[PDB]
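Student:
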Amino acid sequence: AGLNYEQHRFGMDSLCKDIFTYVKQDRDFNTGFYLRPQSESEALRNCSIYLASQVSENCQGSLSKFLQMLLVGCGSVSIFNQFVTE
Amino acid sequence: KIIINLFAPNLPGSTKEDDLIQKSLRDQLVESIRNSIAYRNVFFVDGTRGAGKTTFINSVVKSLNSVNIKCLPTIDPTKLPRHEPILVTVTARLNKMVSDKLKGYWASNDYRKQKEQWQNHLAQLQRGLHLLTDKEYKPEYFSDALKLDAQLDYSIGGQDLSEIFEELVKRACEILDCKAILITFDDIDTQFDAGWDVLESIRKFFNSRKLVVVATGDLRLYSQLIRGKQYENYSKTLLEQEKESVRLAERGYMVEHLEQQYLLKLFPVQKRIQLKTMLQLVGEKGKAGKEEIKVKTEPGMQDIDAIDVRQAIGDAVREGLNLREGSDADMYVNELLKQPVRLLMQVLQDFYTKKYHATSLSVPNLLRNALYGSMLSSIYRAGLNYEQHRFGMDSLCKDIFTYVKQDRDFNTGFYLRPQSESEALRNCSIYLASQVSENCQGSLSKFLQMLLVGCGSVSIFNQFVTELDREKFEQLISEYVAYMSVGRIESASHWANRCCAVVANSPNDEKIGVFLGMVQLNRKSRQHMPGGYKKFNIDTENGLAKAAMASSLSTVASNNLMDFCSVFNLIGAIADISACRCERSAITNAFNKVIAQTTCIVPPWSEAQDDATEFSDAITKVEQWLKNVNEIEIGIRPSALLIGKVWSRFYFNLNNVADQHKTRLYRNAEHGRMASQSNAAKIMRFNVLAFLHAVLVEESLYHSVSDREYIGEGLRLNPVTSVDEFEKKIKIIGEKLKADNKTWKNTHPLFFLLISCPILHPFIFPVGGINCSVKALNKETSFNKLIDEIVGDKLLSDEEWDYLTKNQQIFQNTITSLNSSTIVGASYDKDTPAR
Amino acid sequence: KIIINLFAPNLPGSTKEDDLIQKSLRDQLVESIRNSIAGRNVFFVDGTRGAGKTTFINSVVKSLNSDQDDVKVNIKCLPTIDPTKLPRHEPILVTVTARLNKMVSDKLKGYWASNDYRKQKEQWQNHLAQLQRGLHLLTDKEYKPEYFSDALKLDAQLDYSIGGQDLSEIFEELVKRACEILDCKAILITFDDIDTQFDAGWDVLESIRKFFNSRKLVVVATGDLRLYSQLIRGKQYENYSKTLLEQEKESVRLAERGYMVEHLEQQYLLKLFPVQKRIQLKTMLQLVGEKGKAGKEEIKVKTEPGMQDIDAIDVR
Amino acid sequence: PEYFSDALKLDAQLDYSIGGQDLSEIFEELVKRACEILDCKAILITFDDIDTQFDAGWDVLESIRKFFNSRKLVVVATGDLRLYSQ
Amino acid sequence: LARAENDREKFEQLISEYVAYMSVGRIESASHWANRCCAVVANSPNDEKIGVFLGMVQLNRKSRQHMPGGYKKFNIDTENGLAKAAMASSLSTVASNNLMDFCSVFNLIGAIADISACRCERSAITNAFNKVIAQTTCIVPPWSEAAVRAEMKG
RNA sequence: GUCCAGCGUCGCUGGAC
Ligand SMILES: Nc1ncnc2c1ncn2[C@@H]1O[C@H](COP(=O)(O)OP(=O)(O)OP(=O)(O)O)[C@@H](O)[C@H]1O
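What follows is the structure, given as structure tokens:
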């Protein structure tokens, strides 16, 4: 699928890039950031579960990491769809 | 009598005399062969692919081997080596036949002379066989060519392989003591590149009167074989140069004349035999068939009990597709009979084998498995889905769209009739119809999804999108499929919200806010409203009216937020609620699933009172309703046609309502009593009557559990403005069911469940949308009484019903604010005409 | 009941344990073969979604090695690893003789010398040498006149009904002789995937319908039909006259030729792999069923080392 | 065709799993003998990139998927996937 | 509807529809053919929109708003014995956007064609006569623009 | 004839009386 696949070097830096490089291939800017397994490609359906698990691990037990996911991870996708895409 | 056993090998090598389908033709051909030798002498058994040609020939050969003719072993040029001349193989078969005869003579006083006569003839053929092998002319054989033969004294000099083989057969016949020899060629269907060598050998070598040939194959293939070989006699330099239209037109004619003349000289037309198909043998419908055919569906079935081949497919189709007996069901079985017998036999041999194993059910599951395997090739060429494990509601809703697109008939292509002229699109309709009747059987939530998603997407696109040419067509097609996201939807309610955006963008005349089933209310207050007209607000409604009105709200964001009141949303909520009964909180998550949790953008192609237990009663009624649904819906048998017809009526009904109300708003439409004045409550009232009306008529006529229609004679219309058309039919149905000792639940399960739905009841009787006149109340009161009887509980009390008809109370079951709402683009300046 | 122990003693990969997952399907298919053997016996096992089709087939092969009607089974032959110019007729023939040769060499242990031992071995060598001579007419490109003498040459033994070489019959006698020697009822052949080498399928499809049509032979082929359909359709255009293709291309004959080629392939697939014989592998969802429904057989999973089977929890 | 009689001269040596003149099984026993003689657990085969002339890379791939599949052989290939895919 | 020289597949397809619709080659009944012929010729009105046609004339089922003199609707019940029998053998109805009535002369020829092939006794004459005079409806042709509405209302 | 109602783009058609 083209996402990050290094065994280490996991953090806030790569997760936001992975989310935006997944919706771009899924062509779903409306509700694509829920990371749901509804897709026509077996590669993409396998990536949806992996991505969802990574989110719950990173922003667990902290407040700032949660707020970063709300803004950077999901805000960028929704902002792009309404304004830039036109 | 002909009886076919399904639990048998059913192969050309394991068929007996009582199993053949063309027994009449076999006797006709055998007599003709005997007559020809008793008084170009070649036959041709015409038959399309998979019509059972080898099986027929084997019967002909075996019957003649039971006026004395010796039959050679059957020869098919496909299995032969790619470079072996036919004359080599045929003379090899003769060698085995005569040698076995000579050995039986044991010691022979005078037949030893015959043996050396045979050996010399075979050696003579061997010397001259190099003519068919040489790639270059070799002149040192010329002295050998000028060798006079002292025996049989050939009139014509030279090798002349034609005259040598004519002698060879003549000596063979006397050894075997017969008067004819039969050479049987099988089909060249698989590899017709090597069928040319057979044709040349027949034309140039088998010309004697002691040889009779029975060819086998289909003529259309032979036409393309010969016509292709007639183009290679031209000089390529000539075809390369004279490439103008006039010369090409004349040259093509010449090849056709030479090609046709070739077949007449090879296979005379008076000898041709055409293999009848299955439809011709059993006739059409009740017409007396020329022959009767019976099968054995269960193992061990005796000969005395056996069902007709028309009935054998008749019950399978009428049960697998959940389609009622009639002309519509007879259209499918007539088509299945036209398929080649190999394909037809494989479908039957799979369905009845699996079904008996299950019995040792879900019959439609058995039919879909059989058709998918048999008609797999047509699936691939049509571009349909072919993933077995991905079968479900989502895949089926996309296959319908990708089929009608190739059918180029958006108006009525979702009926899945087998009417397309393309063979692939005719083998896919029977397959798809088996898909709908399987996934949709036994559930109401799945049924409503098909009626909305499966057929709604097709009709909406054809009216509001295609009016916007090859490059643009798939451009809109690609844009529309992804934007509304068919095949990956999340819920019917979310789909309906996306449906609001598509309809709204396209402008209409007078710019009135009324649309196809949706009313565009107002968000910003406008000054100087006559009467009590004011902005719509959701706070006024208290109980079930507040919940029901909430289920019919959708917001679209395009330079300005817009509010509609769509009937499509109600179908979504009903489809969403009845999904499961596992949890109680599910039936309150559906009310507020989309109301204020998401926003929809304009499509790209556009040109530009404790306040905590308020829902304690509405949830309670809905919870009790799900008890009835979970029991009645088990006996539901929807069809691929029933869903198609209900949408056709429902779609037509909505389009009429939206046109006969754009001009009936005026200034004093509030408290609308006269039929000439309408408000936002009447418009939304008929949009839910129309949905209920279409279910009533079409379910009665086409649904499987009802054996005979109950509507009766007379025209069937729709309630565009009045209500008496809808109440008229219920009264007729009420009497007929009562007189026949029957109940609604056992004949109209789809209508009974929908009419007794807590969500729709507030919309049926809005406050401001009830006709009032001297004659109207006769229809309304009778209609109100009839509905309360079907459900079993009266919806409205005496004081409630009195206030609706006649000129303050806490209405827990009716909308009180819609009639006073203001619709955008409706500039109230006119007045109601008086008459 | 089905129990899977995650804490297997050796901690193997994939935790196969016992009974696998398709024990119901495996016994069903094996029962189906025995019925037929007691013309066309082609079984198609569809391995897709990256399934372990080879693992399932080998389970069938191993199961048939302990059989009441003891229909012995050959070894799997992948068409993508054989030499390119070696016909697919040879691997079965080599596999048959190798399997047969061990048994007759093992007859020495049972019987140091016997009448059947001396006669069967020399009879078998006669059949093979018979096939080698006729093997010349497979890869040859031009019919030399010398082979005519052999075709007219007659053998009083081996009971060759149809005259000529007729390589189909020569193989049939060899198979019939082998079954009697090994004391079996049928010889089973398995064909693996063709995914790695696309074109290897055609030389197998034309070998099933030419030499493997017999009463005492059963085959089990795997793969997917998307490649097979494209393989058959490709070979149905190569017999059209090359000149005709550039001449009659007036946009009407293109439709006629396209409609006819799709007809020939459809009748081709139904001839080799019948619908009634095609088998499909159940998935986990279809085997445990949807939640709230009993569905098919239930499955239990262990979660801790030394966990009693009385407490194993459902897989869902 | 004359090699048909050359084969079928079956030998019990090495107890081959399958009959025939397959090179893969013969090469495998060749490696096993060499490992015993050299007293090494396994043999490592190292290839090199094919950037200069990538037509020769096909013969490498065929000889890896057919003849190098034992547990005594480790293969280390070098190249560029963007070139191997073409 | 479909030009002969502009297109061939469209014209050839239109032939197939006409062969099936008129039931040519099946010949269920001569009267059946006559009823179908009414639908074909009533599809295309003339410029003046008069109710007269090739061989038929379009009668009125519902009386119009007002009448000048003695003009009125049909009221078939007025006719006496033999005249009613001839009348009913000529009346026909077509299932279209709205129900329509005709008085086609081809129906009269159809009636003669059905009776004249009897070769029976008096008992079968009474039945065959009764079968000729009845009410028969025929749907509009597929190529018409009112097919979908007629299928629903009818 | 009257009244309600339904199709078509005033015409046509259905029901009650
Ligand atoms: N007389 C028959 N009795 C029973 N089944 C029959 C009969 N004829 C045909 N069939 C069915 O139809 C199939 C047609 O097979 P058949 O090989 O005869 O057809 P074909 O297309 O002419 O092929 P071939 O290339 O062998 O000539 C049979 O396999 C069988 O299923």
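Protein chains in written order, with my numbering: chain A, 1 to 86; chain B, 1001 to 1835; chain C, 2001 to 2316; chain D, 3001 to 3086; chain E, 4001 to 4154. Every residue gets a Cβ at the ideal spot worked out from N, C-alpha and C, and that includes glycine.
1) For the stretch 4109–4133 of chain E, list the alpha helix (DSSP H) runs that are entirely contained and at least 4 residues long, ordered along the chain.
2) Determine the chain B residues that contact E/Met4152 at a beta-carbon separation under 8 Å, and present them in chain order.
3) Within the continuous alpha helix (DSSP H) that includes A/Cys16, where are the two ends?
4) Should C/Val2071 be flagged as near chain B, meaning a C-beta pair shorter than 8 Å?
5) Just how far apart, CA to CA, sit B/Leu1146 and B/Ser1024?
6) Is B/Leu1182 near B/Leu1279, with beta carbons less than 8 Å apart?
7) Listed from N- to C-terminal order along the chain, which residues in the stretch 1186–1197 of chain B have their beta-carbon within a distance smaller than 8 Å of any beta-carbon of chain C?
8) What does A/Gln82 touch in chain B if you count any residue whose Cβ is under 8 Å from its own?
9) With a threshold of 8 Å, are at least 3 pairs of Cβ atoms found where one atom belongs to the stretch 1405–1420 of chain B and the other to the stretch 1322–1342 of chain B?
10) Judging by CA-CA distance, which residue of C/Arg2040, C/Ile2162, C/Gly2134, C/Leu2020 is the nearest neighbour of B/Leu1094?
11) Could you give the first and the last residue of the continuous alpha helix (DSSP H) run that contains B/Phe1414?
12) According to DSSP, is E/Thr4093 helix, strand or coil?
13) Apart from the five residues just before and just after B/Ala1694, which ones in its own chain have a Cβ nearer than 7 Å to its Cβ?
14) Just list the residues that DSSP pairs B/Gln1520 with in beta bridges.
15) Find out if the Cβ-Cβ distance for the pair B/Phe1515, B/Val1458 is shorter than 8 Å.
16) Between the stretch 1740–1751 of chain B and the stretch 1696–1712 of chain B, do at least 3 Cβ pairs fall closer than 8 Å?
17) What residues match up with B/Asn1462 in a beta bridge as DSSP calls it?
18) Who are the neighbours of B/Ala1306 on chain A, taking C-beta pairs under 9 Å?
19) I believe C/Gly2039 touches B/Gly1013 by the beta-carbon criterion, under 8 Å. Please report the beta-carbon distance rounded to the nearest angstrom.
20) Between the stretch 2131–2144 of chain C and chain D, which residues of the former have CB atoms less than 7 Å from a CB of the latter, in chain order?
21) Taking any Cβ of chain E, which residues in the stretch 1393–1424 of chain B have a Cβ under 9 Å from it, in chain order?
22) Among A/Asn30, A/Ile49, A/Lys65, A/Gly2, whose alpha-carbon lies nearest the alpha-carbon of A/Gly11?
23) According to DSSP, simplified to helix, strand and coil, what is C/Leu2188?
24) When the Cα of C/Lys2144 is compared with those of B/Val1088, B/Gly1513, B/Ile1810, B/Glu1240, which residue comes out closest?
25) B/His1661: which of B/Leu1642, B/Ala1681, B/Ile1643, B/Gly1644 sits nearest, CA to CA?
26) Thinking C-alpha only, which one of D/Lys3072, D/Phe3047, D/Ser3005 is nearest D/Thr3078?
27) Restricting to Cα atoms, I'd like to know which of C/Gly2258, C/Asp2224, C/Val2042 is closest to C/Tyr2240.
28) Assuming B/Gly1572 and B/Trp1495 are in contact, meaning their beta carbons sit under 8 Å apart, how far apart are those beta carbons, in whole angstroms?
29) Span of the beta strand (DSSP E) holding residue 1837 of chain B?
30) Out of C/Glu2206, C/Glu2290, C/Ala2186, which one is the CA nearest neighbour of C/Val2073?
31) Along the beta strand (DSSP E) that carries E/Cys4138, what are the first and last residues, could you check?
32) Under 7 Å Cβ-Cβ, which residues of chain B neighbour C/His2263?
33) Output yes if chain A places a C-beta closer than 8 Å to the C-beta of B/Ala1482; else output no.
34) Measure the CB-CB distance between C/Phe2056 and C/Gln2028 and report whether it falls below 8 Å.
35) Return yes when the C-beta of B/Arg1049 is under 7 Å from any heavy atom of ligand 1, and no when it is not.
36) So the beta strand (DSSP E) B/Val1045 belongs to, where does it begin and stop?
Tutor: Taking the definition as stated:
1) 4122–4132
2) Locating residue 4152 of chain E in the fifth sequence gives position 152, where the first residue counts as 1. In chain order: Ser1648, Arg1649, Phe1652, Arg1716.
3) Within the first sequence, the letter at position 16 stands for residue 16 of chain A. It spans 12–26 - the alpha helix (DSSP H) in which A/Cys16 sits, taken as one unbroken run.
4) Along the third sequence, one-based indexing puts residue 2071 of chain C at 71. Cβ-Cβ to chain B under 8 Å: no for C/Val2071.
5) Taking the second sequence and counting its residues from 1, one reaches residue 1146 of chain B at position 146. Taking the second sequence and counting its residues from 1, one reaches residue 1024 of chain B at position 24. C-alpha separation (whole angstroms): 53 Å.
6) In the second sequence, counting from the first residue as 1, residue 1182 of chain B sits at position 182. In the second sequence, counting from the first residue as 1, residue 1279 of chain B sits at position 279. No; because the gap between Cβ atoms is not below 8 Å, this pair is not in contact.
7) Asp1189, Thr1190, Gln1191, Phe1192, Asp1193
8) Here residue 82 of chain A is taken as the residue at index 82 of the first sequence, counted from 1. Those are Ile1601, listed as they occur along chain B.
9) yes
10) Position 94 of the second sequence, counting from 1, holds the residue named residue 1094 of chain B. Checked all of C/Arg2040, C/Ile2162, C/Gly2134, C/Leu2020; the closest Cα to B/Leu1094 is C/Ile2162.
11) As a working note, residue 1414 of chain B is residue 414 in the second sequence. Counting along the chain, B/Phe1414 falls outside any alpha helix (DSSP H), and DSSP gives it neither H nor E.
12) Residue 4093 of chain E sits at position 93 when you count from the first residue of the fifth sequence. Looking at E/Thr4093 - three-state DSSP - the assignment turns out to be strand.
13) The residue you call residue 1694 of chain B lines up with position 694 of the second sequence. Excluding residues within five positions, the ones whose Cβ falls inside 7 Å are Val1646, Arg1649, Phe1650, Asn1653.
14) Here residue 1520 of chain B is taken as the residue at index 520 of the second sequence, counted from 1. Bridge partners of B/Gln1520: B/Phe1564.
15) Here residue 1515 of chain B refers to the residue found at position 515 when the second sequence is read from its first residue. Here residue 1458 of chain B refers to the residue found at position 458 when the second sequence is read from its first residue. It is not a contact, given that the beta carbons lie outside the stated cut-off.
16) yes
17) In the second sequence, the residue the question calls residue 1462 of chain B occupies position 462. Answer is none; B/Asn1462 lacks a bridge partner.
18) Residue mapping note: residue 1306 of chain B aligns to position 306 of the second sequence, counting from 1. Ordered by position in chain A, no residue passes the 9 Å Cβ test against B/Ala1306, which lies about 48 Å from the chain.
19) In the third sequence, counting from the first residue as 1, residue 2039 of chain C sits at position 39. In the second sequence, counting from the first residue as 1, residue 1013 of chain B sits at position 13. Sure, about 5 Å apart at Cβ, within 8 Å.
20) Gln2132, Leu2135, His2136
21) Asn1411, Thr1412, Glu1421
22) On the first sequence, residue 11 of chain A is found 11 positions in, with the first residue counted as 1. For the residues A/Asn30, A/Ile49, A/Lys65, A/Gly2, the minimum Cα distance to A/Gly11 belongs to A/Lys65.
23) One-based indexing of the third sequence puts residue 2188 of chain C at position 188. It is a strand residue.
24) One-based indexing of the third sequence puts residue 2144 of chain C at position 144. If we check each option's Cα against that of C/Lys2144, B/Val1088 comes out closest.
25) Counting from one through the second sequence, the residue named residue 1661 of chain B turns up at place 661. It is B/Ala1681 whose Cα lies nearest to the Cα of B/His1661.
26) Indexing the fourth sequence from 1 puts residue 3078 of chain D at position 78. Nearest option by C-alpha distance: D/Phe3047.
27) Numbered from 1 along the third sequence, position 240 holds the residue referred to as residue 2240 of chain C. The shortest C-alpha separation from C/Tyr2240 is found at C/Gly2258.
28) To locate residue 1572 of chain B, count along the second sequence from 1; it is residue 572. To locate residue 1495 of chain B, count along the second sequence from 1; it is residue 495. With a Cβ gap of about 7 Å, B/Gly1572 and B/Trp1495 count as contacting.
29) The requested residue 1837 of chain B does not occur in the structure, where chain B is confined to residues 1001 to 1835.
30) Counting from one through the third sequence, the residue named residue 2073 of chain C turns up at place 73. Per the Cα distances, C/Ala2186.
31) Counted from its first residue, the fifth sequence places residue 4138 of chain E at position 138. It spans 4137–4139 - the beta strand (DSSP E) in which E/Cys4138 sits, taken as one unbroken run.
32) Numbered from its first residue, the third sequence carries residue 2263 of chain C at position 263. What C/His2263 touches in chain B: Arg1049.
33) By one-based count along the second sequence, residue 1482 of chain B stands at place 482. Yes, B/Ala1482 lies at the interface with chain A (some Cβ there is under 8 Å from its Cβ).
34) Numbered from 1 along the third sequence, position 56 holds the residue referred to as residue 2056 of chain C. Numbered from 1 along the third sequence, position 28 holds the residue referred to as residue 2028 of chain C. For C/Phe2056 and C/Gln2028, no; Cβs fall outside 8 Å.
35) On the second sequence, position 49 is the one that residue 1049 of chain B refers to. At least one heavy atom of ligand 1 is nearer than 7 Å to the Cβ of B/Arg1049, so yes.
36) Stepping through the second sequence from its first residue, residue 1045 of chain B is reached at position 45. Taken as a continuous stretch (DSSP letters only), the beta strand (DSSP E) holding B/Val1045 covers 1042–1046.
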